Amino acid sequence: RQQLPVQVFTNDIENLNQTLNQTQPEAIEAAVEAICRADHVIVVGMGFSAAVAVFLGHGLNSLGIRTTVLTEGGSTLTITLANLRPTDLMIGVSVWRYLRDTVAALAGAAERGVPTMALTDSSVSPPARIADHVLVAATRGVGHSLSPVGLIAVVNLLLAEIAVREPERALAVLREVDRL
Amino acid sequence: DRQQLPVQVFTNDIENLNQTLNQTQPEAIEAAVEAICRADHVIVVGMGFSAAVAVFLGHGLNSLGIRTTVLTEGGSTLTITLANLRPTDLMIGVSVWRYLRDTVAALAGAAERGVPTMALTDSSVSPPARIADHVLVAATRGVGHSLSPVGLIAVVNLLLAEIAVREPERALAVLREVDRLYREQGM
Amino acid sequence: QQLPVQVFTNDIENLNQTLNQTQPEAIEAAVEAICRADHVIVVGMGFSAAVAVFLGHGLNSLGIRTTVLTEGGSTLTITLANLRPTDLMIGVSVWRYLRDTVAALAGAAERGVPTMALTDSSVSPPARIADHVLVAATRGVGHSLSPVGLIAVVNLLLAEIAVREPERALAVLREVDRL
Amino acid sequence: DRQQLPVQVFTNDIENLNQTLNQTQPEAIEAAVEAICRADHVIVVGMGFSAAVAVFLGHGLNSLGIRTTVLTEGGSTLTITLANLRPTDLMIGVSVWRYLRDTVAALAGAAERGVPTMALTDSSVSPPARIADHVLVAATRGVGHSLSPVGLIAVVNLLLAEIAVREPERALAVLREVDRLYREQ
């Protein structure tokens, strides 16, 4: 039990390593261009994945990329799917166990020709098989509770890539939050 | 004594409906409906007591095919929302006594940026009414310190009824899509 | 041109019909259940979300600690797994009855947790499960229902709790001002 | 230039894990876990950048059988929560620079009323650290203006792992129940 802090932190370092290993410059560049070209971004993440979706929407919105975050399925998610536009981007955060509403949101968007992106735990997972853009992270926990550190690091990379691409837009939003 | 409370509560809400109907202006409803329909995106803000009304109005607009964001809290999320406003947005604030600052700040930030605004409020001369381009007023009187939202809710019922008659094909496409999403993806 | 009169007349009729269906015994038993609970969970989705939001706000503002859930799935399953016999589950559920609210009521009833339904029929799926049922009229002029009758029922519960426990209601105002 | 961003970003987060591990004190984690288990109810507050950390912590706690409310915005909802506090609650505030006042006021409000408080923060001398009974610090440095919650998330990972080992029976029952309800629905 006295080893539990070193085990936990060592494990999160391996999560970052497996994630860095599986990070592809081409996949990152294409995911970043899709985020920037969208007129509106929808991020869906439920259960364990909700915190990653909340982090990604905060980060996008903070950079001037208008984003809706949905952390529950049901009727609200169904009506969003019913109102999708070809200029939207649907990002699903979905890892094992794959909660069906997120996978269904990617499948519904894909069917309607709407660009899709999956932040997932395997390059052949159900959301990976559907989505146009796939980013993979390790999620291993020392016990049953998973760790979102690898998913959060992919979000950190995405935000850093956008901020370098469009610094004026990001600085402008920053000027308004600095005022509050 | 308190055996009279059901008659008092239900009669108070009937009187709120009568007073709200008496204050409704056809020109103002028509201008409010045209503003909602012309927007590329609608943001609805309501906090505390008003949050329920903002939730109902956003549910209604999204069901009719008008893409709508509902905010029931202020702060950094609202600041960032204001920072990202576009001239083709419509900001709807639901704000009644006591006027929680952040809903009024949401209307003010939109009006300062040249974004159309609308207030669903309790007086034609309240702080949000004085800021917004479009104003709709409802009676909110409760039998006690808990106000009643029935008046505000009836005004939203009227806006939803007016939009559904103007754009019934857009409303049906949503219903048809929701049915399709249940059939094909189990949603 | 006649839509404002039709919409407002329809909502007056929803209130009158809801008043006609209100049973003093049922209101009394429901207020006693809300006041007895250590914690209250209110579940309402889709059209019913606004009603759950209003009821949660009103109960919290009277000093009744309440959680509002307006979506199902994960948060709801975990909520059911953590339910205590001292909780009260209130489901706001009307036609078309979204499954997750009905499932929240069933899950609470199976676990021996007091339940209450705010619904549109004495024999609706949530009414058949719940210990306490309160029925409201929901007819809208269109295809889109009106929550006015359900909202009046909540106004009536709040009004009844406020008279029973006025010092707890005042204390919440006093804390809010102090804060 | 931009080709180095994956290495910069991922190295930055490894350094955050290393720096957070070094600042983690066993007596403070132990007292934090005992206070979370002793509470009859846990309230987690985290706004803006900190909202994701609050959401993760509330999920993890709830998933282990610790009944937790999560608030990611201030205003009237937070103010009414503060008005209804019990001595048996635990107030957890996730608050880092720029310290949004509503989270710091939630901690100040709870502490004034003698309600146990805990801060998940970025400095042992930050405004929320100076108010709270329990303080856990993590490194939050990002490669740019967007900070990184990786260090804070790893502190949460440690709290959840410590709770799971203390109360394994409760955690498994919630996991079974949760799996059984997901199977059902």
# chains A, B, ... in the order shown; residues from 1 in each chain; ligands from 1
>>> interface_residues(of="chain A", to="chain B", cutoff="10 Å", atoms="only C-alpha atoms", output="number ranges by chain")
A: 58, 61-68, 73-84, 100-101, 103-108, 111, 169, 172-177, 179-180
>>> write_last_selection(atoms="N, CA, C and O atoms", output="compact mmCIF listing (two decimals), in the first residue's frame")
# COMPACT_ATOMS: atom_id res chain seq x y z
N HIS A 58 -13.97 22.48 -23.28
CA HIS A 58 -13.45 23.71 -22.63
C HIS A 58 -12.27 24.26 -23.45
O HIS A 58 -12.21 25.45 -23.71
N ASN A 61 -13.45 25.63 -27.05
CA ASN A 61 -14.18 26.89 -26.86
C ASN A 61 -13.21 28.01 -26.45
O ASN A 61 -13.33 29.14 -26.97
N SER A 62 -12.23 27.69 -25.56
CA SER A 62 -11.25 28.65 -25.09
C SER A 62 -10.37 29.20 -26.20
O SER A 62 -9.87 30.32 -26.07
N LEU A 63 -10.28 28.49 -27.31
CA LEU A 63 -9.46 28.81 -28.48
C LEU A 63 -10.25 29.45 -29.61
O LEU A 63 -9.64 29.81 -30.62
N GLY A 64 -11.58 29.61 -29.42
CA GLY A 64 -12.44 30.24 -30.42
C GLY A 64 -13.13 29.26 -31.34
O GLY A 64 -13.78 29.66 -32.31
N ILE A 65 -13.04 27.97 -31.02
CA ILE A 65 -13.73 26.94 -31.79
C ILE A 65 -15.04 26.58 -31.05
O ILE A 65 -15.01 25.88 -30.02
N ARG A 66 -16.17 27.04 -31.60
CA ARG A 66 -17.50 26.87 -31.01
C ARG A 66 -17.83 25.40 -30.90
O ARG A 66 -17.89 24.70 -31.92
N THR A 67 -18.00 24.93 -29.66
CA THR A 67 -18.18 23.51 -29.34
C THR A 67 -19.31 23.24 -28.35
O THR A 67 -19.40 23.92 -27.31
N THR A 68 -20.12 22.18 -28.65
CA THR A 68 -21.16 21.65 -27.76
C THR A 68 -20.65 20.37 -27.10
O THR A 68 -20.22 19.48 -27.81
N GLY A 73 -26.41 10.46 -23.09
CA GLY A 73 -27.09 10.09 -24.33
C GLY A 73 -28.54 10.52 -24.33
O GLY A 73 -28.84 11.72 -24.19
N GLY A 74 -29.43 9.56 -24.54
CA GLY A 74 -30.87 9.77 -24.51
C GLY A 74 -31.40 10.71 -25.57
O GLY A 74 -30.75 10.87 -26.62
N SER A 75 -32.62 11.25 -25.34
CA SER A 75 -33.36 12.16 -26.21
C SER A 75 -32.57 13.40 -26.63
O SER A 75 -32.63 13.73 -27.79
N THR A 76 -31.80 14.06 -25.72
CA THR A 76 -30.99 15.23 -26.06
C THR A 76 -29.96 14.92 -27.18
O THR A 76 -29.74 15.72 -28.10
N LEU A 77 -29.29 13.80 -27.05
CA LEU A 77 -28.31 13.38 -28.03
C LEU A 77 -29.03 13.01 -29.33
O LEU A 77 -28.53 13.30 -30.42
N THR A 78 -30.19 12.33 -29.23
CA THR A 78 -30.93 11.94 -30.43
C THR A 78 -31.37 13.20 -31.22
O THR A 78 -31.29 13.23 -32.46
N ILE A 79 -31.78 14.24 -30.51
CA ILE A 79 -32.30 15.45 -31.22
C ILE A 79 -31.10 16.18 -31.81
O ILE A 79 -31.22 16.71 -32.90
N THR A 80 -29.92 16.17 -31.12
CA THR A 80 -28.71 16.74 -31.73
C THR A 80 -28.41 16.05 -33.05
O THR A 80 -28.08 16.73 -34.01
N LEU A 81 -28.43 14.68 -33.07
CA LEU A 81 -28.18 13.87 -34.27
C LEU A 81 -29.17 14.27 -35.37
O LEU A 81 -28.77 14.42 -36.53
N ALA A 82 -30.45 14.49 -35.02
CA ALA A 82 -31.50 14.87 -35.96
C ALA A 82 -31.26 16.29 -36.55
O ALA A 82 -31.91 16.66 -37.53
N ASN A 83 -30.45 17.12 -35.90
CA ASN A 83 -30.23 18.50 -36.36
C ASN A 83 -28.84 18.71 -36.94
O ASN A 83 -28.48 19.85 -37.19
N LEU A 84 -28.03 17.63 -37.08
CA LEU A 84 -26.67 17.77 -37.61
C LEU A 84 -26.60 18.42 -38.98
O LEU A 84 -27.50 18.27 -39.79
N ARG A 100 -23.10 2.40 -25.75
CA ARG A 100 -23.75 2.40 -27.06
C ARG A 100 -24.16 3.76 -27.60
O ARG A 100 -24.15 3.94 -28.82
N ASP A 101 -24.61 4.69 -26.74
CA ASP A 101 -25.11 5.97 -27.28
C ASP A 101 -23.99 6.73 -28.00
O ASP A 101 -24.27 7.40 -29.01
N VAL A 103 -21.29 5.41 -29.48
CA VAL A 103 -20.99 4.67 -30.74
C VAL A 103 -22.14 4.98 -31.76
O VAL A 103 -21.86 5.27 -32.92
N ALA A 104 -23.41 4.98 -31.30
CA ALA A 104 -24.59 5.28 -32.13
C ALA A 104 -24.54 6.74 -32.70
O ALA A 104 -24.86 6.95 -33.89
N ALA A 105 -24.00 7.70 -31.93
CA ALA A 105 -23.86 9.09 -32.34
C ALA A 105 -22.85 9.15 -33.47
O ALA A 105 -23.07 9.87 -34.43
N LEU A 106 -21.70 8.40 -33.36
CA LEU A 106 -20.71 8.40 -34.45
C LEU A 106 -21.31 7.75 -35.70
O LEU A 106 -21.16 8.27 -36.80
N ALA A 107 -22.02 6.62 -35.52
CA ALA A 107 -22.64 5.89 -36.64
C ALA A 107 -23.71 6.77 -37.36
O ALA A 107 -23.72 6.83 -38.60
N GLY A 108 -24.47 7.55 -36.58
CA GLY A 108 -25.54 8.41 -37.15
C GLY A 108 -24.94 9.57 -37.92
O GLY A 108 -25.44 9.94 -38.97
N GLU A 111 -23.32 8.17 -41.21
CA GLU A 111 -24.36 7.90 -42.18
C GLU A 111 -24.83 9.18 -42.92
O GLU A 111 -25.26 9.10 -44.06
N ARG A 169 -6.85 34.27 -32.98
CA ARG A 169 -8.18 33.90 -32.52
C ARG A 169 -8.18 33.57 -31.02
O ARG A 169 -9.04 34.06 -30.28
N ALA A 172 -7.50 36.52 -28.68
CA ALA A 172 -8.71 37.33 -28.59
C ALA A 172 -9.67 36.81 -27.51
O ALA A 172 -10.11 37.60 -26.68
N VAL A 173 -9.91 35.48 -27.46
CA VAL A 173 -10.76 34.85 -26.44
C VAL A 173 -10.12 35.02 -25.07
O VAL A 173 -10.81 35.35 -24.09
N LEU A 174 -8.78 34.83 -25.00
CA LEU A 174 -7.99 34.98 -23.79
C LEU A 174 -8.12 36.39 -23.21
O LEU A 174 -8.25 36.53 -21.99
N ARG A 175 -8.13 37.44 -24.07
CA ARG A 175 -8.27 38.84 -23.65
C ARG A 175 -9.58 39.09 -22.90
O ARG A 175 -9.58 39.82 -21.91
N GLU A 176 -10.68 38.44 -23.33
CA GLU A 176 -12.00 38.55 -22.71
C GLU A 176 -12.06 37.81 -21.35
O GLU A 176 -12.63 38.37 -20.41
N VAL A 177 -11.47 36.58 -21.23
CA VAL A 177 -11.46 35.83 -19.95
C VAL A 177 -10.53 36.52 -18.92
O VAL A 177 -10.78 36.44 -17.71
N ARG A 179 -10.24 39.69 -18.50
CA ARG A 179 -11.08 40.78 -17.99
C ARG A 179 -11.93 40.37 -16.76
O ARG A 179 -12.01 41.14 -15.80
N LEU A 180 -12.55 39.15 -16.80
CA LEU A 180 -13.39 38.62 -15.72
C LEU A 180 -12.58 38.46 -14.43
O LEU A 180 -13.16 38.49 -13.35
>>> select_by_dssp(residues="region 10-101 of chain C", states="strand (DSSP E)", output="list in words")
residues 39, 40, 41, 42, 43, 44, 66, 67, 68, 69, 87, 88, 89, 90, 91 and 92 of chain C
>>> interface_residues(of="chain C", to="chain D", cutoff="7 Å", atoms="only C-alpha atoms", output="PyMOL selection string")
chain C and resi 60-61+63+65+77-78+81-82+172+175-176
>>> write_last_selection(atoms="N, CA and C atoms", output="mmCIF file, in the first residue's frame")
data_model
loop_
_atom_site.group_PDB
_atom_site.id
_atom_site.type_symbol
_atom_site.label_atom_id
_atom_site.label_comp_id
_atom_site.auth_asym_id
_atom_site.auth_seq_id
_atom_site.Cartn_x
_atom_site.Cartn_y
_atom_site.Cartn_z
ATOM 1 N N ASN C 60 -34.752 22.366 -3.234
ATOM 2 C CA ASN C 60 -33.514 22.866 -2.685
ATOM 3 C C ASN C 60 -33.715 24.258 -2.046
ATOM 4 N N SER C 61 -34.491 25.133 -2.686
ATOM 5 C CA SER C 61 -34.669 26.506 -2.164
ATOM 6 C C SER C 61 -35.537 26.488 -0.876
ATOM 7 N N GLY C 63 -34.978 24.068 1.409
ATOM 8 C CA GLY C 63 -34.136 23.359 2.381
ATOM 9 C C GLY C 63 -34.216 21.867 2.250
ATOM 10 N N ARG C 65 -32.732 18.937 0.351
ATOM 11 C CA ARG C 65 -31.558 18.553 -0.459
ATOM 12 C C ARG C 65 -32.025 17.592 -1.545
ATOM 13 N N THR C 77 -27.599 4.767 -13.702
ATOM 14 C CA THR C 77 -27.290 3.399 -13.279
ATOM 15 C C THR C 77 -26.500 3.464 -11.931
ATOM 16 N N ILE C 78 -25.493 4.380 -11.864
ATOM 17 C CA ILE C 78 -24.647 4.543 -10.674
ATOM 18 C C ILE C 78 -25.510 5.123 -9.534
ATOM 19 N N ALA C 81 -27.453 2.237 -8.185
ATOM 20 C CA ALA C 81 -26.554 1.347 -7.439
ATOM 21 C C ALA C 81 -26.290 1.929 -6.047
ATOM 22 N N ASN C 82 -26.334 3.281 -5.878
ATOM 23 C CA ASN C 82 -26.010 3.915 -4.590
ATOM 24 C C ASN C 82 -27.232 4.328 -3.771
ATOM 25 N N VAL C 172 -32.891 29.202 4.434
ATOM 26 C CA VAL C 172 -32.213 29.104 3.152
ATOM 27 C C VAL C 172 -32.002 30.503 2.574
ATOM 28 N N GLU C 175 -29.270 32.298 4.577
ATOM 29 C CA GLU C 175 -27.926 31.806 4.291
ATOM 30 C C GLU C 175 -27.408 32.389 3.007
ATOM 31 N N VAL C 176 -28.298 32.416 1.976
ATOM 32 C CA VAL C 176 -28.078 32.928 0.635
ATOM 33 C C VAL C 176 -27.646 34.397 0.716
#
>>> closest_atom_pairs(of="chain A", to="chain D", cutoff="6 Å", atoms="only C-alpha atoms", output="tab-separated table")
residue	atom	partner	partner_atom	distance
A:51	CA	D:52	CA	4.7
A:54	CA	D:52	CA	5.4
A:55	CA	D:52	CA	5.1
A:149	CA	D:150	CA	5.8
>>> closest_residue(among="B:37, B:154, B:47, B:54", to="residue 98 (chain B)", atoms="only C-alpha atoms")
B:47
>>> interface_residues(of="chain C", to="chain A", cutoff="12 Å", atoms="only C-alpha atoms", output="PyMOL selection string")
chain C and resi 44-49+69-78+96-101
>>> write_last_selection(atoms="C-alpha atoms", output="compact mmCIF listing (two decimals), in the first residue's frame")
# COMPACT_ATOMS: atom_id res chain seq x y z
CA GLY C 44 -37.29 13.96 -15.78
CA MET C 45 -36.16 13.68 -19.44
CA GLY C 46 -37.00 15.16 -22.79
CA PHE C 47 -40.20 17.21 -22.45
CA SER C 48 -40.27 16.42 -18.71
CA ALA C 49 -36.72 17.77 -18.03
CA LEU C 69 -31.12 14.09 -13.28
CA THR C 70 -32.35 15.02 -16.79
CA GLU C 71 -30.58 12.25 -18.73
CA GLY C 72 -30.29 8.46 -18.15
CA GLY C 73 -27.55 5.91 -18.68
CA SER C 74 -24.30 6.05 -16.63
CA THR C 75 -25.04 8.67 -13.98
CA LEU C 76 -28.55 7.05 -13.54
CA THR C 77 -27.29 3.40 -13.28
CA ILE C 78 -24.65 4.54 -10.67
CA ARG C 96 -44.44 9.19 -24.80
CA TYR C 97 -42.85 7.59 -21.70
CA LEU C 98 -39.07 7.68 -22.20
CA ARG C 99 -37.75 4.33 -20.80
CA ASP C 100 -34.94 5.66 -18.57
CA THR C 101 -37.27 7.59 -16.19
>>> select_by_dssp(residues="region 88-139 of chain D", states="helix (DSSP H, G or I)", output="VMD selection string")
chain D and resid 101 to 112 127 to 131
>>> interface_residues(of="chain B", to="chain C", cutoff="9 Å", atoms="only C-alpha atoms", output="PyMOL selection string")
chain B and resi 2-3+5-7+9-11+13-14+17-18+20-21+24+26+48-57+59-60+142-151+153-155+157-158+160-162+164-165
>>> atom_distance(atom1="CA of residue 96 (chain A)", atom2="CA of residue 115 (chain A)")
22.6 Å
>>> closest_residue(among="B:135, B:44, B:31, B:71", to="chain D", atoms="only C-alpha atoms")
B:71
>>> atom_distance(atom1="CA of residue 4 (chain A)", atom2="CA of residue 142 (chain A)")
8.8 Å
>>> closest_residue(among="D:141, D:41, D:86, D:101", to="chain B", atoms="only C-alpha atoms")
D:101
>>> closest_residue(among="B:58, B:109, B:74, B:93", to="chain D", atoms="only C-alpha atoms")
B:74
>>> closest_residue(among="B:111, B:124, B:131, B:45", to="residue 92 (chain B)", atoms="only C-alpha atoms")
B:45
>>> decode(residues="region 66-94 of chain A", atoms="N, CA, C and O atoms", output="CSV table (one decimal), in the first residue's frame")
chain,number,residue,atom,x,y,z
A,66,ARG,N,-16.2,27.0,-31.6
A,66,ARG,CA,-17.5,26.9,-31.0
A,66,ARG,C,-17.8,25.4,-30.9
A,66,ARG,O,-17.9,24.7,-31.9
A,67,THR,N,-18.0,24.9,-29.7
A,67,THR,CA,-18.2,23.5,-29.3
A,67,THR,C,-19.3,23.2,-28.4
A,67,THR,O,-19.4,23.9,-27.3
A,68,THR,N,-20.1,22.2,-28.6
A,68,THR,CA,-21.2,21.7,-27.8
A,68,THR,C,-20.6,20.4,-27.1
A,68,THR,O,-20.2,19.5,-27.8
A,69,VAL,N,-20.8,20.3,-25.8
A,69,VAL,CA,-20.3,19.0,-25.1
A,69,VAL,C,-21.5,18.3,-24.6
A,69,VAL,O,-22.4,18.9,-23.9
A,70,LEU,N,-21.6,17.0,-25.0
A,70,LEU,CA,-22.8,16.2,-24.5
A,70,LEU,C,-22.2,15.0,-23.7
A,70,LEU,O,-21.4,14.2,-24.2
A,71,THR,N,-22.5,14.9,-22.4
A,71,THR,CA,-22.0,13.9,-21.5
A,71,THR,C,-23.0,12.8,-21.1
A,71,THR,O,-22.7,12.0,-20.2
A,72,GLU,N,-24.1,12.9,-21.7
A,72,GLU,CA,-25.2,11.9,-21.5
A,72,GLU,C,-25.8,11.6,-22.9
A,72,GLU,O,-25.7,12.5,-23.8
A,73,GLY,N,-26.4,10.5,-23.1
A,73,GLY,CA,-27.1,10.1,-24.3
A,73,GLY,C,-28.5,10.5,-24.3
A,73,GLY,O,-28.8,11.7,-24.2
A,74,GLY,N,-29.4,9.6,-24.5
A,74,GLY,CA,-30.9,9.8,-24.5
A,74,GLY,C,-31.4,10.7,-25.6
A,74,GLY,O,-30.8,10.9,-26.6
A,75,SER,N,-32.6,11.2,-25.3
A,75,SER,CA,-33.4,12.2,-26.2
A,75,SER,C,-32.6,13.4,-26.6
A,75,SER,O,-32.6,13.7,-27.8
A,76,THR,N,-31.8,14.1,-25.7
A,76,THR,CA,-31.0,15.2,-26.1
A,76,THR,C,-30.0,14.9,-27.2
A,76,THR,O,-29.7,15.7,-28.1
A,77,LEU,N,-29.3,13.8,-27.0
A,77,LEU,CA,-28.3,13.4,-28.0
A,77,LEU,C,-29.0,13.0,-29.3
A,77,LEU,O,-28.5,13.3,-30.4
A,78,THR,N,-30.2,12.3,-29.2
A,78,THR,CA,-30.9,11.9,-30.4
A,78,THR,C,-31.4,13.2,-31.2
A,78,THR,O,-31.3,13.2,-32.5
A,79,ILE,N,-31.8,14.2,-30.5
A,79,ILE,CA,-32.3,15.5,-31.2
A,79,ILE,C,-31.1,16.2,-31.8
A,79,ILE,O,-31.2,16.7,-32.9
A,80,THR,N,-29.9,16.2,-31.1
A,80,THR,CA,-28.7,16.7,-31.7
A,80,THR,C,-28.4,16.1,-33.1
A,80,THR,O,-28.1,16.7,-34.0
A,81,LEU,N,-28.4,14.7,-33.1
A,81,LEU,CA,-28.2,13.9,-34.3
A,81,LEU,C,-29.2,14.3,-35.4
A,81,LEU,O,-28.8,14.4,-36.5
A,82,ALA,N,-30.5,14.5,-35.0
A,82,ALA,CA,-31.5,14.9,-36.0
A,82,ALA,C,-31.3,16.3,-36.6
A,82,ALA,O,-31.9,16.7,-37.5
A,83,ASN,N,-30.4,17.1,-35.9
A,83,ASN,CA,-30.2,18.5,-36.4
A,83,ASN,C,-28.8,18.7,-36.9
A,83,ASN,O,-28.5,19.8,-37.2
A,84,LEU,N,-28.0,17.6,-37.1
A,84,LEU,CA,-26.7,17.8,-37.6
A,84,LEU,C,-26.6,18.4,-39.0
A,84,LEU,O,-27.5,18.3,-39.8
A,85,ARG,N,-25.5,19.1,-39.2
A,85,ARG,CA,-25.3,19.8,-40.5
A,85,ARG,C,-24.0,19.2,-41.2
A,85,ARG,O,-23.2,18.8,-40.4
A,86,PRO,N,-23.9,19.3,-42.5
A,86,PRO,CA,-22.6,18.8,-43.2
A,86,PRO,C,-21.3,19.6,-42.7
A,86,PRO,O,-20.2,19.1,-42.9
A,87,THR,N,-21.5,20.7,-42.1
A,87,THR,CA,-20.4,21.6,-41.6
A,87,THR,C,-20.0,21.3,-40.2
A,87,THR,O,-19.1,22.0,-39.6
A,88,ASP,N,-20.7,20.4,-39.5
A,88,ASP,CA,-20.4,20.0,-38.1
A,88,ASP,C,-19.3,19.0,-38.1
A,88,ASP,O,-18.9,18.4,-39.1
A,89,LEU,N,-18.7,18.8,-36.9
A,89,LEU,CA,-17.8,17.7,-36.7
A,89,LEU,C,-18.2,17.0,-35.4
A,89,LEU,O,-18.5,17.7,-34.5
A,90,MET,N,-18.3,15.7,-35.5
A,90,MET,CA,-18.8,14.9,-34.3
A,90,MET,C,-17.6,14.2,-33.8
A,90,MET,O,-17.0,13.4,-34.5
A,91,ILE,N,-17.3,14.4,-32.5
A,91,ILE,CA,-16.1,13.8,-31.8
A,91,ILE,C,-16.6,12.9,-30.7
A,91,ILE,O,-17.3,13.4,-29.8
A,92,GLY,N,-16.4,11.6,-30.8
A,92,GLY,CA,-16.8,10.7,-29.8
A,92,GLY,C,-15.6,10.3,-29.0
A,92,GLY,O,-14.6,9.9,-29.6
A,93,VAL,N,-15.7,10.3,-27.6
A,93,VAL,CA,-14.7,9.8,-26.7
A,93,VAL,C,-15.3,8.5,-26.2
A,93,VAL,O,-16.3,8.5,-25.5
A,94,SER,N,-14.7,7.4,-26.6
A,94,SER,CA,-15.3,6.1,-26.4
A,94,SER,C,-14.3,5.0,-26.1
A,94,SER,O,-13.5,4.7,-27.0
